[PDB]
>>> print(open('protein.cif').read())   # mmCIF, N, CA and C atoms
data_work
loop_
_atom_site.label_atom_id
_atom_site.label_comp_id
_atom_site.auth_asym_id
_atom_site.auth_seq_id
_atom_site.Cartn_x
_atom_site.Cartn_y
_atom_site.Cartn_z
N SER A 197 -10.06 -29.97 15.98
CA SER A 197 -10.56 -28.79 16.71
C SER A 197 -12.08 -28.84 16.78
N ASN A 198 -12.69 -27.83 17.39
CA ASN A 198 -14.14 -27.74 17.45
C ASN A 198 -14.68 -27.33 16.08
N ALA A 199 -13.89 -26.55 15.37
CA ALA A 199 -14.19 -26.18 14.00
C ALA A 199 -12.91 -26.11 13.19
N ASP A 200 -12.58 -27.20 12.51
CA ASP A 200 -11.36 -27.27 11.72
C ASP A 200 -11.55 -26.59 10.37
N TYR A 201 -12.80 -26.30 10.05
CA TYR A 201 -13.13 -25.57 8.84
C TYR A 201 -12.74 -24.11 8.98
N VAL A 202 -11.60 -23.76 8.41
CA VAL A 202 -11.11 -22.39 8.45
C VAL A 202 -11.73 -21.57 7.32
N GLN A 203 -12.14 -20.35 7.64
CA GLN A 203 -12.79 -19.48 6.69
C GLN A 203 -12.33 -18.04 6.90
N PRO A 204 -11.84 -17.40 5.83
CA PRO A 204 -11.43 -16.00 5.86
C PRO A 204 -12.58 -15.09 6.26
N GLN A 205 -12.25 -14.00 6.93
CA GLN A 205 -13.25 -13.09 7.44
C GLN A 205 -13.08 -11.72 6.80
N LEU A 206 -13.54 -11.61 5.57
CA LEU A 206 -13.45 -10.35 4.84
C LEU A 206 -14.55 -9.40 5.31
N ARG A 207 -15.58 -10.00 5.88
CA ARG A 207 -16.71 -9.26 6.40
C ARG A 207 -16.37 -8.66 7.77
N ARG A 208 -15.51 -7.65 7.75
CA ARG A 208 -15.15 -6.91 8.96
C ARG A 208 -15.50 -5.44 8.79
N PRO A 209 -16.68 -5.03 9.24
CA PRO A 209 -17.19 -3.67 9.01
C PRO A 209 -16.27 -2.58 9.57
N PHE A 210 -15.79 -2.79 10.79
CA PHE A 210 -14.92 -1.81 11.43
C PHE A 210 -13.58 -1.71 10.72
N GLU A 211 -13.16 -2.79 10.08
CA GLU A 211 -11.84 -2.84 9.48
C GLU A 211 -11.69 -1.83 8.36
N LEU A 212 -12.63 -1.80 7.41
CA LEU A 212 -12.52 -0.84 6.31
C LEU A 212 -12.79 0.59 6.78
N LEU A 213 -13.55 0.73 7.87
CA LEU A 213 -13.81 2.06 8.43
C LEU A 213 -12.53 2.61 9.05
N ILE A 214 -11.93 1.83 9.94
CA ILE A 214 -10.73 2.24 10.64
C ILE A 214 -9.55 2.35 9.67
N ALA A 215 -9.54 1.50 8.65
CA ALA A 215 -8.53 1.59 7.60
C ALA A 215 -8.70 2.88 6.82
N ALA A 216 -9.94 3.24 6.53
CA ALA A 216 -10.23 4.49 5.84
C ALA A 216 -9.81 5.67 6.70
N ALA A 217 -10.09 5.59 7.99
CA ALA A 217 -9.63 6.60 8.94
C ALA A 217 -8.11 6.68 8.95
N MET A 218 -7.48 5.53 8.79
CA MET A 218 -6.03 5.42 8.81
C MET A 218 -5.43 6.02 7.54
N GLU A 219 -6.16 5.92 6.44
CA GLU A 219 -5.71 6.45 5.15
C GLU A 219 -6.00 7.95 5.03
N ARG A 220 -7.17 8.38 5.47
CA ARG A 220 -7.58 9.78 5.33
C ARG A 220 -7.07 10.63 6.49
N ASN A 221 -6.34 10.01 7.39
CA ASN A 221 -5.64 10.73 8.44
C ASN A 221 -4.16 10.40 8.36
N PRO A 222 -3.30 11.16 9.05
CA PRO A 222 -1.87 10.85 9.13
C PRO A 222 -1.60 9.63 10.02
N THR A 223 -2.61 8.75 10.12
CA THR A 223 -2.60 7.57 10.99
C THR A 223 -1.79 7.79 12.27
N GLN A 224 -2.45 8.45 13.22
CA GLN A 224 -1.83 8.81 14.50
C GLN A 224 -2.28 7.85 15.60
N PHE A 225 -2.58 6.62 15.22
CA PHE A 225 -3.13 5.63 16.15
C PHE A 225 -2.05 5.07 17.08
N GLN A 226 -1.01 5.87 17.34
CA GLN A 226 0.14 5.44 18.12
C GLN A 226 0.71 4.15 17.55
N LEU A 227 0.58 4.03 16.24
CA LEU A 227 1.02 2.86 15.51
C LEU A 227 2.21 3.23 14.64
N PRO A 228 3.39 2.65 14.93
CA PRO A 228 4.59 2.84 14.11
C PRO A 228 4.32 2.59 12.63
N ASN A 229 4.21 3.67 11.88
CA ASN A 229 3.90 3.60 10.46
C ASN A 229 5.16 3.27 9.66
N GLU A 230 6.02 4.28 9.51
CA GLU A 230 7.30 4.12 8.83
C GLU A 230 8.08 5.43 8.93
N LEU A 231 9.30 5.35 9.47
CA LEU A 231 10.13 6.53 9.69
C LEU A 231 9.40 7.55 10.55
N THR A 232 8.51 7.05 11.40
CA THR A 232 7.65 7.91 12.19
C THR A 232 8.03 7.87 13.67
N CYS A 233 8.96 8.73 14.06
CA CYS A 233 9.35 8.84 15.45
C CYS A 233 9.16 10.28 15.93
N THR A 234 9.58 11.22 15.10
CA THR A 234 9.46 12.64 15.41
C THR A 234 9.01 13.43 14.19
N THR A 235 8.62 12.71 13.14
CA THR A 235 8.27 13.32 11.87
C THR A 235 6.96 14.11 11.95
N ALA A 236 5.96 13.55 12.61
CA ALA A 236 4.65 14.17 12.68
C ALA A 236 4.24 14.48 14.11
N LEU A 237 4.14 15.76 14.43
CA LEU A 237 3.65 16.19 15.73
C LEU A 237 2.16 16.55 15.66
N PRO A 238 1.75 17.50 14.79
CA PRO A 238 0.35 17.84 14.60
C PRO A 238 -0.29 17.07 13.45
N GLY A 239 0.54 16.36 12.70
CA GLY A 239 0.06 15.60 11.56
C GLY A 239 0.43 16.26 10.24
N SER A 240 0.05 15.64 9.14
CA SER A 240 0.33 16.16 7.82
C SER A 240 -0.90 16.89 7.26
N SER A 241 -0.82 17.30 6.00
CA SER A 241 -1.92 18.00 5.36
C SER A 241 -2.59 17.10 4.32
N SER B 292 -4.51 -20.01 -10.77
CA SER B 292 -5.01 -20.26 -9.40
C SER B 292 -4.83 -19.02 -8.54
N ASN B 293 -5.94 -18.42 -8.14
CA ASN B 293 -5.88 -17.23 -7.30
C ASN B 293 -6.28 -17.56 -5.87
N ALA B 294 -7.60 -17.64 -5.63
CA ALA B 294 -8.14 -17.96 -4.31
C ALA B 294 -7.71 -16.95 -3.24
N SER B 295 -7.15 -15.83 -3.67
CA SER B 295 -6.64 -14.83 -2.74
C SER B 295 -7.61 -13.66 -2.61
N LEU B 296 -8.80 -13.82 -3.19
CA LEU B 296 -9.83 -12.77 -3.20
C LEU B 296 -9.41 -11.62 -4.10
N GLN B 297 -9.87 -11.65 -5.34
CA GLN B 297 -9.58 -10.59 -6.29
C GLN B 297 -10.59 -9.47 -6.12
N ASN B 298 -11.75 -9.82 -5.60
CA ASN B 298 -12.78 -8.85 -5.29
C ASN B 298 -12.77 -8.55 -3.80
N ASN B 299 -12.05 -7.51 -3.42
CA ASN B 299 -11.96 -7.08 -2.03
C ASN B 299 -13.22 -6.28 -1.67
N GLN B 300 -13.23 -5.64 -0.50
CA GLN B 300 -14.33 -4.77 -0.11
C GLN B 300 -14.15 -3.39 -0.73
N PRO B 301 -14.87 -3.09 -1.83
CA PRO B 301 -14.72 -1.85 -2.56
C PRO B 301 -15.71 -0.77 -2.13
N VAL B 302 -16.99 -1.10 -2.17
CA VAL B 302 -18.04 -0.11 -1.98
C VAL B 302 -18.10 0.40 -0.55
N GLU B 303 -17.97 -0.49 0.42
CA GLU B 303 -18.03 -0.10 1.82
C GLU B 303 -16.75 0.62 2.23
N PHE B 304 -15.64 0.26 1.59
CA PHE B 304 -14.38 0.93 1.84
C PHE B 304 -14.42 2.34 1.26
N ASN B 305 -14.94 2.46 0.04
CA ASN B 305 -15.08 3.77 -0.60
C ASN B 305 -16.09 4.62 0.16
N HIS B 306 -17.13 3.97 0.68
CA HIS B 306 -18.10 4.65 1.54
C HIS B 306 -17.43 5.15 2.81
N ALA B 307 -16.51 4.34 3.33
CA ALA B 307 -15.77 4.70 4.53
C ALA B 307 -14.86 5.89 4.27
N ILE B 308 -14.17 5.87 3.13
CA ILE B 308 -13.32 6.99 2.71
C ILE B 308 -14.13 8.28 2.69
N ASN B 309 -15.28 8.23 2.02
CA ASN B 309 -16.16 9.39 1.92
C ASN B 309 -16.72 9.76 3.28
N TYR B 310 -17.01 8.76 4.10
CA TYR B 310 -17.57 8.99 5.42
C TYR B 310 -16.58 9.73 6.31
N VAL B 311 -15.33 9.28 6.34
CA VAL B 311 -14.30 9.93 7.15
C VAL B 311 -14.10 11.37 6.68
N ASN B 312 -14.12 11.56 5.36
CA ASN B 312 -14.07 12.89 4.78
C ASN B 312 -15.28 13.71 5.22
N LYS B 313 -16.44 13.06 5.21
CA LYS B 313 -17.68 13.69 5.62
C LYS B 313 -17.66 14.06 7.10
N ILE B 314 -17.04 13.21 7.92
CA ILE B 314 -16.89 13.50 9.34
C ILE B 314 -16.12 14.80 9.54
N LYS B 315 -14.99 14.92 8.84
CA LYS B 315 -14.20 16.14 8.88
C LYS B 315 -15.04 17.34 8.45
N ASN B 316 -15.68 17.21 7.29
CA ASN B 316 -16.46 18.29 6.71
C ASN B 316 -17.66 18.66 7.60
N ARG B 317 -18.20 17.67 8.29
CA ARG B 317 -19.38 17.86 9.13
C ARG B 317 -19.06 18.74 10.35
N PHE B 318 -17.92 18.51 10.98
CA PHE B 318 -17.56 19.23 12.20
C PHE B 318 -16.23 19.96 12.04
N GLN B 319 -15.97 20.42 10.83
CA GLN B 319 -14.74 21.15 10.51
C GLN B 319 -14.62 22.40 11.38
N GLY B 320 -13.63 22.39 12.26
CA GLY B 320 -13.42 23.51 13.15
C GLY B 320 -13.39 23.08 14.60
N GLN B 321 -13.91 21.88 14.86
CA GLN B 321 -13.91 21.32 16.20
C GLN B 321 -13.10 20.02 16.22
N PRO B 322 -11.81 20.12 16.58
CA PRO B 322 -10.89 18.98 16.53
C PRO B 322 -11.22 17.92 17.57
N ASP B 323 -11.65 18.38 18.75
CA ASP B 323 -11.92 17.50 19.88
C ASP B 323 -12.94 16.43 19.51
N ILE B 324 -13.98 16.83 18.79
CA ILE B 324 -15.04 15.90 18.39
C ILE B 324 -14.48 14.79 17.49
N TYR B 325 -13.79 15.20 16.44
CA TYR B 325 -13.24 14.26 15.47
C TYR B 325 -12.15 13.40 16.10
N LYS B 326 -11.31 14.03 16.92
CA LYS B 326 -10.25 13.31 17.62
C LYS B 326 -10.83 12.28 18.58
N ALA B 327 -11.87 12.67 19.30
CA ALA B 327 -12.52 11.77 20.24
C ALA B 327 -13.02 10.52 19.53
N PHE B 328 -13.65 10.72 18.37
CA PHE B 328 -14.10 9.59 17.56
C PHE B 328 -12.92 8.75 17.09
N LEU B 329 -11.85 9.42 16.70
CA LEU B 329 -10.65 8.75 16.24
C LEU B 329 -10.05 7.90 17.37
N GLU B 330 -10.11 8.43 18.59
CA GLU B 330 -9.63 7.70 19.76
C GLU B 330 -10.54 6.51 20.06
N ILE B 331 -11.83 6.63 19.72
CA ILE B 331 -12.76 5.51 19.83
C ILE B 331 -12.28 4.35 18.95
N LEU B 332 -11.97 4.67 17.70
CA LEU B 332 -11.44 3.69 16.76
C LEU B 332 -10.11 3.14 17.27
N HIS B 333 -9.27 4.05 17.74
CA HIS B 333 -7.98 3.70 18.33
C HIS B 333 -8.17 2.71 19.49
N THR B 334 -9.16 2.97 20.33
CA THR B 334 -9.44 2.11 21.48
C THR B 334 -9.95 0.74 21.04
N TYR B 335 -10.83 0.71 20.05
CA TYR B 335 -11.39 -0.55 19.58
C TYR B 335 -10.33 -1.40 18.90
N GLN B 336 -9.46 -0.77 18.12
CA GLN B 336 -8.36 -1.47 17.49
C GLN B 336 -7.45 -2.09 18.55
N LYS B 337 -7.21 -1.34 19.62
CA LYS B 337 -6.44 -1.83 20.76
C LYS B 337 -7.10 -3.07 21.36
N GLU B 338 -8.39 -2.95 21.65
CA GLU B 338 -9.15 -4.04 22.25
C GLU B 338 -9.17 -5.28 21.35
N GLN B 339 -9.40 -5.06 20.06
CA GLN B 339 -9.44 -6.15 19.08
C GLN B 339 -8.09 -6.86 19.02
N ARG B 340 -7.02 -6.07 19.01
CA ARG B 340 -5.66 -6.61 19.00
C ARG B 340 -5.43 -7.49 20.22
N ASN B 341 -5.80 -6.97 21.38
CA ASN B 341 -5.61 -7.66 22.65
C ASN B 341 -6.43 -8.94 22.71
N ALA B 342 -7.62 -8.91 22.13
CA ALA B 342 -8.50 -10.07 22.10
C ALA B 342 -7.91 -11.18 21.25
N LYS B 343 -7.51 -10.84 20.02
CA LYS B 343 -6.94 -11.82 19.10
C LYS B 343 -5.56 -12.27 19.54
N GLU B 344 -4.94 -11.50 20.43
CA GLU B 344 -3.66 -11.89 21.02
C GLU B 344 -3.84 -13.15 21.86
N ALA B 345 -5.01 -13.30 22.46
CA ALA B 345 -5.34 -14.50 23.21
C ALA B 345 -6.12 -15.47 22.33
N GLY B 346 -5.98 -15.30 21.02
CA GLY B 346 -6.65 -16.17 20.07
C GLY B 346 -8.02 -15.67 19.69
N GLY B 347 -8.69 -15.02 20.64
CA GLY B 347 -10.05 -14.58 20.43
C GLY B 347 -10.97 -15.11 21.51
N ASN B 348 -10.43 -16.00 22.34
CA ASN B 348 -11.19 -16.56 23.46
C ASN B 348 -11.47 -15.48 24.50
N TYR B 349 -10.49 -14.62 24.69
CA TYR B 349 -10.63 -13.48 25.59
C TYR B 349 -11.40 -12.36 24.90
N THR B 350 -12.53 -11.98 25.48
CA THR B 350 -13.34 -10.92 24.94
C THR B 350 -12.85 -9.56 25.42
N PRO B 351 -12.85 -8.55 24.54
CA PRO B 351 -12.43 -7.20 24.89
C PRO B 351 -13.44 -6.49 25.79
N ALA B 352 -13.07 -5.32 26.29
CA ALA B 352 -13.96 -4.55 27.14
C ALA B 352 -14.84 -3.62 26.32
N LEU B 353 -14.43 -3.40 25.08
CA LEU B 353 -15.18 -2.54 24.18
C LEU B 353 -15.98 -3.37 23.18
N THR B 354 -17.29 -3.38 23.36
CA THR B 354 -18.18 -4.15 22.50
C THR B 354 -18.73 -3.26 21.37
N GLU B 355 -19.21 -3.87 20.29
CA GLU B 355 -19.79 -3.12 19.17
C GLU B 355 -20.91 -2.19 19.65
N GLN B 356 -21.79 -2.73 20.49
CA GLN B 356 -22.87 -1.95 21.09
C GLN B 356 -22.30 -0.75 21.84
N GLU B 357 -21.29 -1.02 22.66
CA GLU B 357 -20.60 0.01 23.42
C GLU B 357 -20.08 1.10 22.48
N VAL B 358 -19.36 0.68 21.44
CA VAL B 358 -18.80 1.61 20.47
C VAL B 358 -19.87 2.49 19.85
N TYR B 359 -20.91 1.86 19.31
CA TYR B 359 -21.98 2.58 18.63
C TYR B 359 -22.64 3.59 19.57
N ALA B 360 -22.92 3.16 20.79
CA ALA B 360 -23.53 4.04 21.78
C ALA B 360 -22.60 5.21 22.12
N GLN B 361 -21.30 4.94 22.13
CA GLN B 361 -20.31 5.98 22.37
C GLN B 361 -20.28 6.97 21.21
N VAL B 362 -20.40 6.46 19.99
CA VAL B 362 -20.39 7.31 18.80
C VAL B 362 -21.63 8.20 18.77
N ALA B 363 -22.77 7.62 19.12
CA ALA B 363 -24.03 8.36 19.13
C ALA B 363 -24.01 9.45 20.19
N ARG B 364 -23.38 9.16 21.32
CA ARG B 364 -23.21 10.14 22.38
C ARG B 364 -22.12 11.16 22.00
N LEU B 365 -21.21 10.73 21.14
CA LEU B 365 -20.11 11.57 20.68
C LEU B 365 -20.63 12.63 19.72
N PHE B 366 -21.22 12.19 18.61
CA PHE B 366 -21.75 13.10 17.61
C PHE B 366 -23.19 13.44 17.91
N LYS B 367 -23.41 14.61 18.49
CA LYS B 367 -24.75 15.08 18.79
C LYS B 367 -25.14 16.16 17.80
N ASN B 368 -26.41 16.59 17.88
CA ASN B 368 -26.95 17.65 17.02
C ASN B 368 -27.15 17.15 15.59
N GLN B 369 -26.08 16.66 14.98
CA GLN B 369 -26.12 16.14 13.63
C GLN B 369 -26.18 14.62 13.64
N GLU B 370 -27.38 14.08 13.51
CA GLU B 370 -27.57 12.63 13.47
C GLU B 370 -27.30 12.10 12.07
N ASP B 371 -27.15 13.01 11.11
CA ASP B 371 -26.94 12.63 9.72
C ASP B 371 -25.63 11.87 9.57
N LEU B 372 -24.64 12.23 10.36
CA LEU B 372 -23.36 11.53 10.36
C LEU B 372 -23.55 10.11 10.90
N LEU B 373 -24.30 9.99 11.99
CA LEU B 373 -24.63 8.68 12.56
C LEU B 373 -25.46 7.86 11.58
N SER B 374 -26.26 8.54 10.78
CA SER B 374 -27.07 7.89 9.76
C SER B 374 -26.16 7.23 8.73
N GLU B 375 -25.09 7.94 8.36
CA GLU B 375 -24.07 7.39 7.48
C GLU B 375 -23.34 6.24 8.17
N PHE B 376 -23.07 6.42 9.46
CA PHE B 376 -22.34 5.44 10.26
C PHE B 376 -23.09 4.11 10.33
N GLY B 377 -24.41 4.19 10.26
CA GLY B 377 -25.25 3.00 10.34
C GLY B 377 -24.95 1.96 9.27
N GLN B 378 -24.30 2.38 8.19
CA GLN B 378 -23.99 1.47 7.09
C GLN B 378 -22.77 0.62 7.42
N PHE B 379 -22.04 1.01 8.46
CA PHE B 379 -20.84 0.29 8.85
C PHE B 379 -21.16 -0.74 9.92
N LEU B 380 -22.44 -0.85 10.22
CA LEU B 380 -22.97 -1.90 11.07
C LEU B 380 -24.50 -1.93 10.96
N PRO B 381 -25.00 -2.32 9.78
CA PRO B 381 -26.43 -2.29 9.48
C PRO B 381 -27.21 -3.38 10.21
N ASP B 382 -28.26 -2.96 10.90
CA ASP B 382 -29.14 -3.86 11.66
C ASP B 382 -29.73 -4.93 10.75
N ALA B 383 -29.84 -4.60 9.46
CA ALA B 383 -30.40 -5.52 8.47
C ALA B 383 -29.48 -6.73 8.25
N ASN B 384 -28.23 -6.60 8.66
CA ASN B 384 -27.27 -7.68 8.49
C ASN B 384 -27.10 -8.44 9.79
N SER B 385 -27.09 -9.76 9.70
CA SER B 385 -26.93 -10.61 10.87
C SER B 385 -25.57 -11.28 10.83
#
>>> encode(input="protein.cif", output="structure tokens")
Amino acid sequence: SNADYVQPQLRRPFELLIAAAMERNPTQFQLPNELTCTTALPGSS
Amino acid sequence: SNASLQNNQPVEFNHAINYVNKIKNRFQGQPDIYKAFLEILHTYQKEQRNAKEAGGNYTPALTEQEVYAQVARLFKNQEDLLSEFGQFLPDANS
């Protein structure tokens, strides 16, 4: 390849931010969480 | 043999936790503002997903600059929140 040297990318600033948003919210990112079809309409507390 | 990274991102993640909490506390009472920002993240995650779906060769329509400018236009009056936000993309880092 052009760069066969594979390197993990832990340095993702948005990732821990959006993950934190995902944790501190009922994660309503239209992302199938778990058993989440009609469980949360306005979200949890 | 580990090599799986035992030291994850702790401080910036904990800062993010507090920041998201701070976002709520900052504009507590105005859902539209916080939701709009949340949709920004939602949109970027979508774009990032779509980009990496093509391996990463395909660039998304939402750029970091775009995002930040949207956030700055999103949260007005209180720049203190944006000041906190600056740590999630510090100009000092290349």
>>> closest_residue(input="protein.cif", among="A:229, A:224, A:234, A:240", to="chain B", atoms="all atoms listed in the file")
A:224
>>> residues_around(input="protein.cif", residues="residue 221 (chain A)", least_positions_apart="5", cutoff="8 Å", atoms="all atoms listed in the file", output="VMD selection string")
(chain A and resid 215 to 216 239 to 241) or (chain B and resid 311)
>>> write_last_selection(input="protein.cif", atoms="N, CA and C atoms", output="compact mmCIF listing (two decimals), keeping the file's coordinate frame")
# COMPACT_ATOMS: atom_id res chain seq x y z
N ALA A 215 -9.54 1.50 8.65
CA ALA A 215 -8.53 1.59 7.60
C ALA A 215 -8.70 2.88 6.82
N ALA A 216 -9.94 3.24 6.53
CA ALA A 216 -10.23 4.49 5.84
C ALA A 216 -9.81 5.67 6.70
N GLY A 239 0.54 16.36 12.70
CA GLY A 239 0.06 15.60 11.56
C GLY A 239 0.43 16.26 10.24
N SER A 240 0.05 15.64 9.14
CA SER A 240 0.33 16.16 7.82
C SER A 240 -0.90 16.89 7.26
N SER A 241 -0.82 17.30 6.00
CA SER A 241 -1.92 18.00 5.36
C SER A 241 -2.59 17.10 4.32
N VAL B 311 -15.33 9.28 6.34
CA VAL B 311 -14.30 9.93 7.15
C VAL B 311 -14.10 11.37 6.68
>>> resolve_selection(input="protein.cif", expression="the PyMOL selection byres ((chain A) within 7 of (chain B))", output="list in words")
residues 209, 210, 212, 213, 214, 216, 217, 220 and 225 of chain A
>>> write_last_selection(input="protein.cif", atoms="N, CA and C atoms", output="CSV table (one decimal), keeping the file's coordinate frame")
chain,number,residue,atom,x,y,z
A,209,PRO,N,-16.7,-5.0,9.2
A,209,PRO,CA,-17.2,-3.7,9.0
A,209,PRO,C,-16.3,-2.6,9.6
A,210,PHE,N,-15.8,-2.8,10.8
A,210,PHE,CA,-14.9,-1.8,11.4
A,210,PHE,C,-13.6,-1.7,10.7
A,212,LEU,N,-12.6,-1.8,7.4
A,212,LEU,CA,-12.5,-0.8,6.3
A,212,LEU,C,-12.8,0.6,6.8
A,213,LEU,N,-13.6,0.7,7.9
A,213,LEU,CA,-13.8,2.1,8.4
A,213,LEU,C,-12.5,2.6,9.0
A,214,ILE,N,-11.9,1.8,9.9
A,214,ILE,CA,-10.7,2.2,10.6
A,214,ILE,C,-9.6,2.4,9.7
A,216,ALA,N,-9.9,3.2,6.5
A,216,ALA,CA,-10.2,4.5,5.8
A,216,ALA,C,-9.8,5.7,6.7
A,217,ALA,N,-10.1,5.6,8.0
A,217,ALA,CA,-9.6,6.6,8.9
A,217,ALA,C,-8.1,6.7,9.0
A,220,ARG,N,-7.2,8.4,5.5
A,220,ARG,CA,-7.6,9.8,5.3
A,220,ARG,C,-7.1,10.6,6.5
A,225,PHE,N,-2.6,6.6,15.2
A,225,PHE,CA,-3.1,5.6,16.2
A,225,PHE,C,-2.0,5.1,17.1
>>> atom_distance(input="protein.cif", atom1="atom C of residue 338 (chain B)", atom2="atom C of residue 351 (chain B)")
6.3 Å
>>> atom_distance(input="protein.cif", atom1="atom N of residue 201 (chain A)", atom2="atom N of residue 341 (chain B)")
23.5 Å
>>> atom_distance(input="protein.cif", atom1="atom N of residue 375 (chain B)", atom2="atom C of residue 325 (chain B)")
16.0 Å
>>> select_by_dssp(input="protein.cif", residues="region 340-377 of chain B", states="helix (DSSP H, G or I)", output="list in words")
residues 340, 341, 342, 343, 344, 355, 356, 357, 358, 359, 360, 361, 362, 363, 364, 365, 370, 371, 372, 373, 374, 375, 376 and 377 of chain B
>>> write_last_selection(input="protein.cif", atoms="N, CA and C atoms", output="short mmCIF file (atom, residue, chain, number, x, y, z; two decimals), in the frame of the given file")
data_model
loop_
_atom_site.label_atom_id
_atom_site.label_comp_id
_atom_site.auth_asym_id
_atom_site.auth_seq_id
_atom_site.Cartn_x
_atom_site.Cartn_y
_atom_site.Cartn_z
N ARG B 340 -7.02 -6.07 19.01
CA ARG B 340 -5.66 -6.61 19.00
C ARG B 340 -5.43 -7.49 20.22
N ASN B 341 -5.80 -6.97 21.38
CA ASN B 341 -5.61 -7.66 22.65
C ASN B 341 -6.43 -8.94 22.71
N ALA B 342 -7.62 -8.91 22.13
CA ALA B 342 -8.50 -10.07 22.10
C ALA B 342 -7.91 -11.18 21.25
N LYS B 343 -7.51 -10.84 20.02
CA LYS B 343 -6.94 -11.82 19.10
C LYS B 343 -5.56 -12.27 19.54
N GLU B 344 -4.94 -11.50 20.43
CA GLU B 344 -3.66 -11.89 21.02
C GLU B 344 -3.84 -13.15 21.86
N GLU B 355 -19.21 -3.87 20.29
CA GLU B 355 -19.79 -3.12 19.17
C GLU B 355 -20.91 -2.19 19.65
N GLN B 356 -21.79 -2.73 20.49
CA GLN B 356 -22.87 -1.95 21.09
C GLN B 356 -22.30 -0.75 21.84
N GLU B 357 -21.29 -1.02 22.66
CA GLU B 357 -20.60 0.01 23.42
C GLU B 357 -20.08 1.10 22.48
N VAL B 358 -19.36 0.68 21.44
CA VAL B 358 -18.80 1.61 20.47
C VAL B 358 -19.87 2.49 19.85
N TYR B 359 -20.91 1.86 19.31
CA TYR B 359 -21.98 2.58 18.63
C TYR B 359 -22.64 3.59 19.57
N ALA B 360 -22.92 3.16 20.79
CA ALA B 360 -23.53 4.04 21.78
C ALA B 360 -22.60 5.21 22.12
N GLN B 361 -21.30 4.94 22.13
CA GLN B 361 -20.31 5.98 22.37
C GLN B 361 -20.28 6.97 21.21
N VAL B 362 -20.40 6.46 19.99
CA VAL B 362 -20.39 7.31 18.80
C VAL B 362 -21.63 8.20 18.77
N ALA B 363 -22.77 7.62 19.12
CA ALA B 363 -24.03 8.36 19.13
C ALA B 363 -24.01 9.45 20.19
N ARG B 364 -23.38 9.16 21.32
CA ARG B 364 -23.21 10.14 22.38
C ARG B 364 -22.12 11.16 22.00
N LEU B 365 -21.21 10.73 21.14
CA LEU B 365 -20.11 11.57 20.68
C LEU B 365 -20.63 12.63 19.72
N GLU B 370 -27.38 14.08 13.51
CA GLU B 370 -27.57 12.63 13.47
C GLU B 370 -27.30 12.10 12.07
N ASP B 371 -27.15 13.01 11.11
CA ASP B 371 -26.94 12.63 9.72
C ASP B 371 -25.63 11.87 9.57
N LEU B 372 -24.64 12.23 10.36
CA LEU B 372 -23.36 11.53 10.36
C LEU B 372 -23.55 10.11 10.90
N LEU B 373 -24.30 9.99 11.99
CA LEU B 373 -24.63 8.68 12.56
C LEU B 373 -25.46 7.86 11.58
N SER B 374 -26.26 8.54 10.78
CA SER B 374 -27.07 7.89 9.76
C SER B 374 -26.16 7.23 8.73
N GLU B 375 -25.09 7.94 8.36
CA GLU B 375 -24.07 7.39 7.48
C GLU B 375 -23.34 6.24 8.17
N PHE B 376 -23.07 6.42 9.46
CA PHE B 376 -22.34 5.44 10.26
C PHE B 376 -23.09 4.11 10.33
N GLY B 377 -24.41 4.19 10.26
CA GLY B 377 -25.25 3.00 10.34
C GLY B 377 -24.95 1.96 9.27
#
>>> axis_aligned_box(input="protein.cif", around="region 345-364 of chain B", padding_each_side="4 Å", output="AutoDock Vina command-line options")
--center_x -14.5 --center_y -2.7 --center_z 22.9 --size_x 27.0 --size_y 35.7 --size_z 16.5
>>> closest_residue(input="protein.cif", among="A:198, A:222, A:203, A:208", to="residue 235 (chain A)", atoms="only C-alpha atoms")
A:222
>>> closest_residue(input="protein.cif", among="A:233, A:199, A:211, A:227", to="residue 339 (chain B)", atoms="only C-alpha atoms")
A:211
>>> residues_around(input="protein.cif", residues="residue 372 (chain B)", least_positions_apart="3", cutoff="8 Å", atoms="all atoms listed in the file", output="NGL selection string")
:B and (313-314 or 317 or 366 or 368-369 or 375-377)
>>> build_atoms(input="protein.cif", residues="region 225-231 of chain A", atoms="N, CA, C and O atoms", output="PDB file, in the coordinates of the input")
ATOM      1  N   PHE A 225      -2.580   6.620  15.220  1.00  0.00           N
ATOM      2  CA  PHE A 225      -3.130   5.630  16.150  1.00  0.00           C
ATOM      3  C   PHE A 225      -2.050   5.070  17.080  1.00  0.00           C
ATOM      4  O   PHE A 225      -2.171   3.943  17.567  1.00  0.00           O
ATOM      5  N   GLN A 226      -1.010   5.870  17.340  1.00  0.00           N
ATOM      6  CA  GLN A 226       0.140   5.440  18.120  1.00  0.00           C
ATOM      7  C   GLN A 226       0.710   4.150  17.550  1.00  0.00           C
ATOM      8  O   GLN A 226       1.271   3.310  18.256  1.00  0.00           O
ATOM      9  N   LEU A 227       0.580   4.030  16.240  1.00  0.00           N
ATOM     10  CA  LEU A 227       1.020   2.860  15.510  1.00  0.00           C
ATOM     11  C   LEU A 227       2.210   3.230  14.640  1.00  0.00           C
ATOM     12  O   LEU A 227       2.092   4.070  13.748  1.00  0.00           O
ATOM     13  N   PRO A 228       3.390   2.650  14.930  1.00  0.00           N
ATOM     14  CA  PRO A 228       4.590   2.840  14.110  1.00  0.00           C
ATOM     15  C   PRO A 228       4.320   2.590  12.630  1.00  0.00           C
ATOM     16  O   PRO A 228       4.186   1.443  12.191  1.00  0.00           O
ATOM     17  N   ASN A 229       4.210   3.670  11.880  1.00  0.00           N
ATOM     18  CA  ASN A 229       3.900   3.600  10.460  1.00  0.00           C
ATOM     19  C   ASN A 229       5.160   3.270   9.660  1.00  0.00           C
ATOM     20  O   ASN A 229       5.346   2.142   9.209  1.00  0.00           O
ATOM     21  N   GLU A 230       6.020   4.280   9.510  1.00  0.00           N
ATOM     22  CA  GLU A 230       7.300   4.120   8.830  1.00  0.00           C
ATOM     23  C   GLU A 230       8.080   5.430   8.930  1.00  0.00           C
ATOM     24  O   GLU A 230       7.568   6.481   8.547  1.00  0.00           O
ATOM     25  N   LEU A 231       9.300   5.350   9.470  1.00  0.00           N
ATOM     26  CA  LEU A 231      10.130   6.530   9.690  1.00  0.00           C
ATOM     27  C   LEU A 231       9.400   7.550  10.550  1.00  0.00           C
ATOM     28  O   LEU A 231       9.644   8.754  10.468  1.00  0.00           O
TER      29      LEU A 231
END
